[PDB]
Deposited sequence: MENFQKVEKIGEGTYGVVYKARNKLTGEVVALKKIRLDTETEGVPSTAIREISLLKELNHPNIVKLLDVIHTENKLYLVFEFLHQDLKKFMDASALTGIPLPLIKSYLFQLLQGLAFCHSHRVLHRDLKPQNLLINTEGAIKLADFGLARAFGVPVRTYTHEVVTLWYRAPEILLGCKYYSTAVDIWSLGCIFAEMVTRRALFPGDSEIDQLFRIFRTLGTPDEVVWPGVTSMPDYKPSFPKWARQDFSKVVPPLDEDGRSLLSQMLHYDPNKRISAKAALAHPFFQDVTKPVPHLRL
């Protein structure tokens, strides 16, 4: 720990500081807390690099490359005009690349949210930090303990909708409020759309029965290609929900580019 000069707390199972490495001179993010040593080899341009793992005097320190901004603050700074569609598309495409990589190594994020998506001046966006319920998949809320990579696609679909509309898609303040906000928009799931749903641990026959709404009302002014991709990322059935690899081939990305964002640091 003495090899690092903490400069400021930057938030957060632990606490994260911006710090300087007294040996290399590098400015890093230092998180104070075999599976971790395994994550050190999971390297990709859209995953925040874990530089070092320091296991000294019981506690564990994780040293990551430092990124200057997060998506939540960027969306808050862009709320008057909105993030330009080409930049939304670039960020979505990059996060799907990051997830396709994670998912092929049987690694799940499980808690994607704007606060843990980090951005730089070069147009890159990165997955980090592998309670806010807004981005939680319905199978998690219904008590599935052995959920899949599809939970990350759901969270990314919710984030996609929020970048487009400048409002949270499902802003619940309790597990049942979160579940009922999803049901009110997408319709109360049944055996037709989601086989096996009625046998989920926390499913109740007594849940109210709401009808589905059209996506044209849910994400205006998203074009037909975007709405089609979003609908596939928000399928109730995790086995029907689009994979990160298949989403990368969706027509919505035919004209994808890598714009540079306006970042005031």
Checklist outcome for this item: According to the entry, C-alpha coordinates are missing for deposited residues 13-14, 36-49, 147-163
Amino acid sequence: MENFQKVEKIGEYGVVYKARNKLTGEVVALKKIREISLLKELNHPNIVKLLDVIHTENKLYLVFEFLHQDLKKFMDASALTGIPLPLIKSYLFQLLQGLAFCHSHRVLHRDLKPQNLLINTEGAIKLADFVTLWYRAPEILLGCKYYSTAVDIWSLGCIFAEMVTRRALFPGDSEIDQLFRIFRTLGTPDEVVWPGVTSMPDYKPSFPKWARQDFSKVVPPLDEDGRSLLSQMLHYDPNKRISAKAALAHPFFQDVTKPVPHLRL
From here on, numbers count along this sequence of modelled residues.
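Throughout, rigid core stands for the largest set of C-alpha atoms superposing within 1.5 Å between the two forms.
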Checklist entry - Line up the rigid core: which moves more in 8 other deposited structures of this protein, 132-140 or 168-176, by C-alpha RMS? => result 132-140
Checklist entry - in 8 other deposited structures of this protein, superposed by the rigid core, which stretch departs further from the shown form in CA positions, 19-27 or 242-250? => result 19-27
Next on the checklist: Which is higher on mean Cα B factor in this entry, 225-233 or 23-31?
Outcome noted: 23-31
Checklist entry - On average, are the C-alpha B-factors higher in 109-117 or in 71-79? => result 71-79
Next on the checklist: Between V63, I47, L60, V219, which one tops the list for Cα B-factor in this entry?
Outcome noted: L60
Next on the checklist: Going by the CA temperature factor in the PDB record, which third of the chain does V16 belong to: lowest, middle or highest?
Outcome noted: highest
Checklist outcome for this item: Here the Cα B-factor of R166, set against its chain, lands in the third termed middle
Next on the checklist: Is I10 in the lowest, middle or highest third of its chain when residues are ranked by C-alpha B-factor?
Outcome noted: highest
Checklist entry - For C144, does the deposited CA B-factor place it in the lowest, middle or highest third of the chain? => result highest
Checklist entry - What third of the chain, by the recorded C-alpha B-factor, contains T188? => result middle
